[PDB]
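Asks: Handing you a structure now.
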Amino acid sequence: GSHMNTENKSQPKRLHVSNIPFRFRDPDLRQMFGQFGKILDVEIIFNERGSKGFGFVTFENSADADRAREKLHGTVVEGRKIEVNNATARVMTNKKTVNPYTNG
RNA sequence: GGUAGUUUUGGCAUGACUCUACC
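Residue 208 is where the first sequence ends in PDB author numbering, and the numbering goes up by one at each step.
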């Protein structure tokens, strides 16, 4: 038995990226990662301080995601050697608290 | 109900609350 299966959870894959500049944004990220396959979404982590030093990227499927991972893992950008990984199970994401449109 | 910004406190280590808008 397992916590999930590849029957309904997902279609794309997702990639953690560490040690990136605090001065990168979602378009600065996808510019490097998109040379291996189509980006579908991007995420950056925020205490207050901007980027918590890492971000994530969403790729059209795993067989093009892992190409970026084996290539960009160890690349130094603005002097900082980045890591590239599979993402590992998000928080209870709930940026949908209230709006007039939600029911009436 | 569907999407984006306003801006960092500073290298934090696998995820985001919070603020301002649009719809």
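The C-beta atom is built at its ideal place from N, Cα and C for all residues, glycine as well.
1. Cβ atoms of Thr162 and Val188: under 9 Å apart, would you say?
2. Let's see if you can read the secondary structure: which residues bound the beta strand (DSSP E) around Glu187?
3. Pick out the complete beta strand (DSSP E) segments inside the segment 161-187, 3 residues or longer, and give them in chain order.
4. Throw me the rounded Cβ distance for the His120 and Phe158 pair, which I believe falls under 8 Å.
5. For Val202, write down the residues that DSSP places opposite it in a beta bridge.
Replies: With the structure as the only source:
1. No, Cβ-Cβ distance for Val188 and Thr162 is not below 9 Å.
2. Taken as a continuous stretch (DSSP letters only), the beta strand (DSSP E) holding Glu187 covers 187-190.
3. Runs of the beta strand (DSSP E) inside the segment 161-187: none found.
4. Between the beta-carbon of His120 and that of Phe158 there is about 6 Å, and that keeps the pair under the 8 Å contact cut.
5. DSSP lists no partner for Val202.
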